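*Asks:* Starting from these lines, generate the structure:
(4 chains, ligands or ions: 1)
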Number of protein chains: 4
Amino acid sequence: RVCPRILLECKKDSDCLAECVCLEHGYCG
Amino acid sequence: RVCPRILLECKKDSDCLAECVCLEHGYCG
Amino acid sequence: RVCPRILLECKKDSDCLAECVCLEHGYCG
Amino acid sequence: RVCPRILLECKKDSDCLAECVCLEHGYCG
Ligand SMILES: [Zn+2]
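*Replies:* Residues are numbered from 1 along each chain as shown, chains lettered A, B, ... in the order given. Sure, the structure comes next:
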């Protein structure tokens, strides 16, 4: 899985880069 | 992101297939 | 990268499953 | 598939970034 480790807040996966997922702490990972 | 539509429980991401991740509700997605 | 190893002929990546790519021998990989 | 738009030569897939693969023409893609 490709998820650059850029710190980004999110509500949905579409708020995230690449194949990062929106995790339960409100950040992409 | 490639995450099969297979119902799987998980404690860690490693429990999941492909690029699915372990969500805190206790299932892969 | 997620590429199921199902034998499939191709001309383009869109002929392939998942994140398989169309390789120079004419099969997905 | 996540393959950065970065010009890279390669002898093997391992030479490439992310989910890029080594094409026989000698570049990642
Ligand atoms: Zn991927």
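*Asks:* At the contact with chain D, which residues of chain A appear?
*Replies:* Proximity of chain A to chain D (Cβ under 8 Å from any Cβ of the partner chain) is limited to residues A:2, A:18-19. Quick note: C-beta positions are derived from backbone N, CA and C, even for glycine.
*Asks:* which residues touch residue A:11?
*Replies:* Listed by Cβ atoms under 8 Å, 6 or more residues apart in numbering or on different chains, the contact set of residue A:11 reads A:22, A:26.
*Asks:* er, residue A:3 actually
*Replies:* Applying Cβ under 8 Å, 6+ apart, the residues contacting residue A:3 are A:16-21, A:28-29.
*Asks:* got it, and residue A:13?
*Replies:* Contacts of residue A:13 (Cβ under 8 Å, 6+ apart): A:20-22, B:1.
*Asks:* so which of these is the most crowded?
*Replies:* residue A:20 (22 neighbours; other Cβ atoms under 10 Å in any protein chain shown).
*Asks:* so which helix or strand takes in that residue?
*Replies:* For residue A:20, there is no helix or strand it lies in under DSSP states H and E.
*Asks:* That one and residue A:27 touch, don't they?
*Replies:* No. Look at residue A:20 against residue A:27 with Cβ atoms under 8 Å: they stay out of range, at 9.1 Å.
*Asks:* Could you name every residue contacting both of the two?
*Replies:* With Cβ under 8 Å, 6+ apart, residue A:20 and residue A:27 have common neighbours residue A:8.
*Asks:* what sits against whatever residue of chain A ends up closest to chain D?
*Replies:* Closest residue of chain A to chain D, Cβ to the nearest Cβ: residue A:2 (3.9 Å). Residues near residue A:2 by Cβ under 8 Å, 6+ apart: A:18-19, D:2, D:18-19.
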